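One chain follows as structure tokens, the form deposited in one PDB entry.
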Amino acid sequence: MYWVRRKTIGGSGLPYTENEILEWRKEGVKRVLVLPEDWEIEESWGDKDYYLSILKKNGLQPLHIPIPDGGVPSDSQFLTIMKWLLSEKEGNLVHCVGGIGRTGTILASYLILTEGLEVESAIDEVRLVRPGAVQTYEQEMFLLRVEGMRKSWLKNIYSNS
């Protein structure tokens, strides 16, 4: 498990045991954004809902937003992901299977939106703590798009009464 921004947001891969989840908790993790697909989760936990209850049972609030390996969230999923990540700033953990491609993409996107980083700085930032972050061209293209639509994303994320 790694932090991109000390105790505010970090990433990791799929936990194998419950002890590994308790390790997250000791690290400061409080909320978990789950990105792998049901079948990926099931490889280590048998059932997706059982995995989510385990996170909830260990005091972590989970949010499942399934993204296909090598892929990126749909625009609607990204809105949900960002509303979730921005609702509470402390102890956010984002994980996929290996915590490199998918996780790295979401993490870089977070930096872009919250710090106004240019796509390349955001990628280098994540790669410095997680080598290989942002695996595919689709993920890289997505990040440039996020920077380009930054103002629009923030506006939509905070549309309120």
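Throughout, we count residues from 1 along the sequence that is shown.
Separately, the form deposited with a partner chain bound exists; it is not shown, and the next lines address it.
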Checklist line | Per-stretch contact check against its partner chain in the deposited bound form, the hit in 27-35, 97-105, 119-127, 50-58 (non-hydrogen atom, 4.5 angstroms) | finding: 97-105
Margin query: Is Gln135 near its partner chain? Define near as a heavy atom within 4.5 Å, in the deposited bound form.
Written below: yes
Next item on the list: Indicate whether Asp69 is a 4.5 Å heavy atom neighbour of its partner chain in the deposited bound form.
Entry: yes
